[PDB]
file model29.txt (compact mmCIF, C-alpha atoms and all ligand atoms)
# COMPACT_ATOMS: atom_id res chain seq x y z
CA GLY G 1 121.16 115.32 102.73
CA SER G 2 121.72 112.37 100.41
CA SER G 3 118.05 112.27 99.43
CA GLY G 4 116.22 112.25 96.11
CA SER G 5 115.96 109.88 93.16
CA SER G 6 115.24 109.96 89.43
CA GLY G 7 111.55 109.89 90.30
CA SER G 8 109.78 112.33 92.62
CA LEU G 9 106.68 111.42 94.63
CA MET G 10 103.95 113.63 93.17
CA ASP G 11 100.64 114.68 94.74
CA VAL G 12 99.05 111.83 92.79
CA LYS G 13 98.06 108.61 94.55
CA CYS G 14 99.41 105.29 93.28
CA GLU G 15 97.44 103.84 90.37
CA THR G 16 96.10 101.01 92.53
CA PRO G 17 93.06 102.30 94.48
CA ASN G 18 94.25 100.12 97.36
CA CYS G 19 97.81 101.45 97.53
CA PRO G 20 97.95 104.34 100.03
CA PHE G 21 101.36 105.24 98.58
CA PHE G 22 101.84 107.86 95.87
CA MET G 23 103.22 107.22 92.38
CA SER G 24 106.64 108.68 91.57
CA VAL G 25 107.61 110.31 88.27
CA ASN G 26 109.67 107.25 87.36
CA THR G 27 107.30 104.72 88.91
CA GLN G 28 104.01 106.08 87.57
CA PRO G 29 101.41 105.14 87.04
CA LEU G 30 102.50 102.73 89.78
CA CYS G 31 104.51 103.63 92.88
CA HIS G 32 107.94 102.54 94.12
CA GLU G 33 106.30 99.68 96.02
CA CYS G 34 104.11 98.27 93.25
CA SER G 35 106.57 99.20 90.50
CA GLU G 36 109.30 96.93 91.85
CA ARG G 37 106.69 94.41 93.00
CA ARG G 38 105.62 94.03 89.37
CA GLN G 39 109.18 93.77 88.05
CA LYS G 40 109.42 90.38 89.76
CA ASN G 41 106.79 89.12 87.32
CA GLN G 42 109.32 89.37 84.49
CA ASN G 43 112.82 87.98 85.08
CA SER G 44 115.78 87.31 82.79
CA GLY G 45 117.31 84.79 85.17
CA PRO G 46 120.90 84.99 86.46
CA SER G 47 123.03 87.81 85.04
CA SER G 48 125.71 85.27 84.13
CA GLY G 49 123.28 83.19 82.10
ZN ZN S 1 101.63 101.39 94.80

call {"tool": "encode", "arguments": {"input": "model29.txt", "output": "structure tokens"}}
result
Amino acid sequence: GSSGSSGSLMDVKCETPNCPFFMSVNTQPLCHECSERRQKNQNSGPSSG
């Protein structure tokens, strides 16, 4: 039903012992939440530039 992504939430809890969310196969050891959250840290600026 239009569901499913590269990564699949496994029975393993997110790396962070404070994150109640599980870590996906493409987000591990972090989860979808943290994963993206971390990305912000590193940025290449505007696509154009
Ligand atoms: Zn997490």

call {"tool": "atom_distance", "arguments": {"input": "model29.txt", "atom1": "CA of residue 46 in chain G", "atom2": "CA of residue 23 in chain G"}}
result
29.0 Å

call {"tool": "residues_around", "arguments": {"input": "model29.txt", "residues": "range 11-18 of chain G", "least_positions_apart": "6", "cutoff": "7 Å", "atoms": "all atoms listed in the file", "output": "ChimeraX atom specification"}}
result
/G:29-31

call {"tool": "closest_residue", "arguments": {"input": "model29.txt", "among": "G:5, G:10, G:21, G:49", "to": "residue 35 in chain G", "atoms": "only C-alpha atoms"}}
result
G:21

call {"tool": "closest_residue", "arguments": {"input": "model29.txt", "among": "G:27, G:8, G:2, G:42", "to": "ligand ZN 1 (chain S)", "atoms": "all atoms listed in the file"}}
result
G:27

call {"tool": "closest_residue", "arguments": {"input": "model29.txt", "among": "G:47, G:24, G:41, G:6", "to": "ligand ZN 1 (chain S)", "atoms": "only C-alpha atoms and all ligand atoms"}}
result
G:24

call {"tool": "atom_distance", "arguments": {"input": "model29.txt", "atom1": "CA of residue 28 in chain G", "atom2": "CA of residue 1 in chain G"}}
result
24.7 Å

call {"tool": "atom_distance", "arguments": {"input": "model29.txt", "atom1": "CA of residue 4 in chain G", "atom2": "CA of residue 33 in chain G"}}
result
16.0 Å

call {"tool": "closest_residue", "arguments": {"input": "model29.txt", "among": "G:40, G:22, G:3, G:9", "to": "ligand ZN 1 (chain S)", "atoms": "only C-alpha atoms and all ligand atoms"}}
result
G:22

call {"tool": "closest_residue", "arguments": {"input": "model29.txt", "among": "G:25, G:43, G:7, G:36", "to": "ligand ZN 1 (chain S)", "atoms": "only C-alpha atoms and all ligand atoms"}}
result
G:36

call {"tool": "build_atoms", "arguments": {"input": "model29.txt", "residues": "range 15-46 of chain G", "atoms": "N, CA and C atoms", "output": "PDB file, keeping the file's coordinate frame"}}
result
ATOM      1  N   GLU G  15      98.486 104.360  91.243  1.00  0.00           N
ATOM      2  CA  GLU G  15      97.440 103.840  90.370  1.00  0.00           C
ATOM      3  C   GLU G  15      96.445 102.994  91.159  1.00  0.00           C
ATOM      4  N   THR G  16      96.940 101.911  91.750  1.00  0.00           N
ATOM      5  CA  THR G  16      96.100 101.010  92.530  1.00  0.00           C
ATOM      6  C   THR G  16      95.299 101.781  93.577  1.00  0.00           C
ATOM      7  N   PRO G  17      93.968 101.629  93.537  1.00  0.00           N
ATOM      8  CA  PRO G  17      93.060 102.300  94.480  1.00  0.00           C
ATOM      9  C   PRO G  17      93.183 101.742  95.891  1.00  0.00           C
ATOM     10  N   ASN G  18      94.044 100.743  96.059  1.00  0.00           N
ATOM     11  CA  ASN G  18      94.250 100.120  97.360  1.00  0.00           C
ATOM     12  C   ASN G  18      95.599 100.528  97.951  1.00  0.00           C
ATOM     13  N   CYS G  19      96.485 101.027  97.096  1.00  0.00           N
ATOM     14  CA  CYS G  19      97.810 101.450  97.530  1.00  0.00           C
ATOM     15  C   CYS G  19      97.777 102.885  98.056  1.00  0.00           C
ATOM     16  N   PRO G  20      97.959 103.033  99.376  1.00  0.00           N
ATOM     17  CA  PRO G  20      97.950 104.340 100.030  1.00  0.00           C
ATOM     18  C   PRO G  20      99.179 105.177  99.672  1.00  0.00           C
ATOM     19  N   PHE G  21     100.135 104.553  98.992  1.00  0.00           N
ATOM     20  CA  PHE G  21     101.360 105.240  98.580  1.00  0.00           C
ATOM     21  C   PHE G  21     101.143 105.999  97.279  1.00  0.00           C
ATOM     22  N   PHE G  22     101.937 107.045  97.073  1.00  0.00           N
ATOM     23  CA  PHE G  22     101.840 107.860  95.870  1.00  0.00           C
ATOM     24  C   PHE G  22     102.741 107.310  94.766  1.00  0.00           C
ATOM     25  N   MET G  23     102.435 107.669  93.524  1.00  0.00           N
ATOM     26  CA  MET G  23     103.220 107.220  92.380  1.00  0.00           C
ATOM     27  C   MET G  23     104.282 108.247  92.009  1.00  0.00           C
ATOM     28  N   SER G  24     105.530 107.798  91.913  1.00  0.00           N
ATOM     29  CA  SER G  24     106.640 108.680  91.570  1.00  0.00           C
ATOM     30  C   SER G  24     106.610 109.031  90.082  1.00  0.00           C
ATOM     31  N   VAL G  25     107.530 109.897  89.667  1.00  0.00           N
ATOM     32  CA  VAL G  25     107.610 110.310  88.270  1.00  0.00           C
ATOM     33  C   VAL G  25     108.266 109.232  87.416  1.00  0.00           C
ATOM     34  N   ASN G  26     108.997 108.332  88.064  1.00  0.00           N
ATOM     35  CA  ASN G  26     109.670 107.250  87.360  1.00  0.00           C
ATOM     36  C   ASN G  26     109.015 105.906  87.666  1.00  0.00           C
ATOM     37  N   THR G  27     108.009 105.932  88.536  1.00  0.00           N
ATOM     38  CA  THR G  27     107.300 104.720  88.910  1.00  0.00           C
ATOM     39  C   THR G  27     105.867 104.732  88.382  1.00  0.00           C
ATOM     40  N   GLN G  28     105.361 105.926  88.089  1.00  0.00           N
ATOM     41  CA  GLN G  28     104.010 106.080  87.570  1.00  0.00           C
ATOM     42  C   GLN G  28     103.781 105.169  86.366  1.00  0.00           C
ATOM     43  N   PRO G  29     102.522 104.754  86.164  1.00  0.00           N
ATOM     44  CA  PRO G  29     101.410 105.140  87.040  1.00  0.00           C
ATOM     45  C   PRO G  29     101.508 104.490  88.418  1.00  0.00           C
ATOM     46  N   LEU G  30     102.319 103.441  88.516  1.00  0.00           N
ATOM     47  CA  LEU G  30     102.500 102.730  89.780  1.00  0.00           C
ATOM     48  C   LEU G  30     103.494 103.462  90.675  1.00  0.00           C
ATOM     49  N   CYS G  31     103.596 103.015  91.922  1.00  0.00           N
ATOM     50  CA  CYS G  31     104.510 103.630  92.880  1.00  0.00           C
ATOM     51  C   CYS G  31     105.768 102.779  93.046  1.00  0.00           C
ATOM     52  N   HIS G  32     106.690 103.255  93.878  1.00  0.00           N
ATOM     53  CA  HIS G  32     107.940 102.540  94.120  1.00  0.00           C
ATOM     54  C   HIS G  32     107.666 101.124  94.616  1.00  0.00           C
ATOM     55  N   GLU G  33     106.661 100.983  95.473  1.00  0.00           N
ATOM     56  CA  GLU G  33     106.300  99.680  96.020  1.00  0.00           C
ATOM     57  C   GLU G  33     105.817  98.743  94.915  1.00  0.00           C
ATOM     58  N   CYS G  34     104.680  99.082  94.316  1.00  0.00           N
ATOM     59  CA  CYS G  34     104.110  98.270  93.250  1.00  0.00           C
ATOM     60  C   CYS G  34     105.102  98.103  92.101  1.00  0.00           C
ATOM     61  N   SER G  35     105.612  99.223  91.597  1.00  0.00           N
ATOM     62  CA  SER G  35     106.570  99.200  90.500  1.00  0.00           C
ATOM     63  C   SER G  35     107.500  97.996  90.614  1.00  0.00           C
ATOM     64  N   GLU G  36     108.355  98.014  91.632  1.00  0.00           N
ATOM     65  CA  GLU G  36     109.300  96.930  91.850  1.00  0.00           C
ATOM     66  C   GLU G  36     108.568  95.595  92.012  1.00  0.00           C
ATOM     67  N   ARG G  37     107.476  95.612  92.769  1.00  0.00           N
ATOM     68  CA  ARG G  37     106.690  94.410  93.000  1.00  0.00           C
ATOM     69  C   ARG G  37     106.320  93.735  91.680  1.00  0.00           C
ATOM     70  N   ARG G  38     105.991  94.547  90.681  1.00  0.00           N
ATOM     71  CA  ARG G  38     105.620  94.030  89.370  1.00  0.00           C
ATOM     72  C   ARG G  38     106.834  93.469  88.640  1.00  0.00           C
ATOM     73  N   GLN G  39     107.945  94.196  88.703  1.00  0.00           N
ATOM     74  CA  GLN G  39     109.180  93.770  88.050  1.00  0.00           C
ATOM     75  C   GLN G  39     109.393  92.269  88.225  1.00  0.00           C
ATOM     76  N   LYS G  40     109.241  91.794  89.456  1.00  0.00           N
ATOM     77  CA  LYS G  40     109.420  90.380  89.760  1.00  0.00           C
ATOM     78  C   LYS G  40     108.755  89.508  88.699  1.00  0.00           C
ATOM     79  N   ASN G  41     107.532  89.867  88.326  1.00  0.00           N
ATOM     80  CA  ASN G  41     106.790  89.120  87.320  1.00  0.00           C
ATOM     81  C   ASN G  41     107.703  88.685  86.177  1.00  0.00           C
ATOM     82  N   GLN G  42     108.412  89.649  85.597  1.00  0.00           N
ATOM     83  CA  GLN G  42     109.320  89.370  84.490  1.00  0.00           C
ATOM     84  C   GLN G  42     110.765  89.284  84.987  1.00  0.00           C
ATOM     85  N   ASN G  43     111.432  88.179  84.669  1.00  0.00           N
ATOM     86  CA  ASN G  43     112.820  87.980  85.080  1.00  0.00           C
ATOM     87  C   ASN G  43     113.638  87.373  83.946  1.00  0.00           C
ATOM     88  N   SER G  44     114.889  87.808  83.831  1.00  0.00           N
ATOM     89  CA  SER G  44     115.780  87.310  82.790  1.00  0.00           C
ATOM     90  C   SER G  44     116.753  86.281  83.348  1.00  0.00           C
ATOM     91  N   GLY G  45     116.453  85.782  84.542  1.00  0.00           N
ATOM     92  CA  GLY G  45     117.310  84.790  85.170  1.00  0.00           C
ATOM     93  C   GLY G  45     118.592  85.401  85.712  1.00  0.00           C
ATOM     94  N   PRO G  46     119.605  84.550  85.932  1.00  0.00           N
ATOM     95  CA  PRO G  46     120.900  84.990  86.460  1.00  0.00           C
ATOM     96  C   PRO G  46     121.689  85.815  85.444  1.00  0.00           C
TER      97      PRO G  46
END
